[PDB]
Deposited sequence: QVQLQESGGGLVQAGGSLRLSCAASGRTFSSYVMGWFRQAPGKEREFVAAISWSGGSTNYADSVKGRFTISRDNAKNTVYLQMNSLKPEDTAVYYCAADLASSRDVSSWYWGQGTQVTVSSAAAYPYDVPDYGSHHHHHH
């Protein structure tokens, strides 16, 4: 299976960052994250055609999820970052069919740290 994240690191507040995830399609792809002291939360998701996209309220309007079906890759463009966004980011795949309840599979994660 094996989704691999990349692009994480240390950025100052208000800055930007671009996360990439390589999968090794027809499924929904997504991004989750685990802030300090919390369990894993939802960040974004996108269907195969880009037709439906979805975000968590806390990242609306400054996060953009994209997809490349040729290279089996999914991207998370993070603009205008704040200390609230410091977390371990996990790309994920919904390995359930389009009529079945979602069954998420997560990568190992990559650290994203935003200064202040």
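No C-alpha positions are given for the deposited-sequence stretches 1, 26-29, 122-140.
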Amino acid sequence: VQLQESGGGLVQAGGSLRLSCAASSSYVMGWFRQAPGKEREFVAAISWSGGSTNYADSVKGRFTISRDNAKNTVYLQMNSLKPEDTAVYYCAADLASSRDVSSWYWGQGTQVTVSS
From here on, numbers count along this sequence of modelled residues.
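In this entry, 79-87 has the higher mean Cα B-factor, the comparison being between 79-87 and 66-74. Averaged over their C-alpha atoms, the temperature factors of 45-53 and 26-34 are higher for 45-53. For the set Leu10, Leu19, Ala93, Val101, the maximum C-alpha B-factor listed in the entry falls on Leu10.
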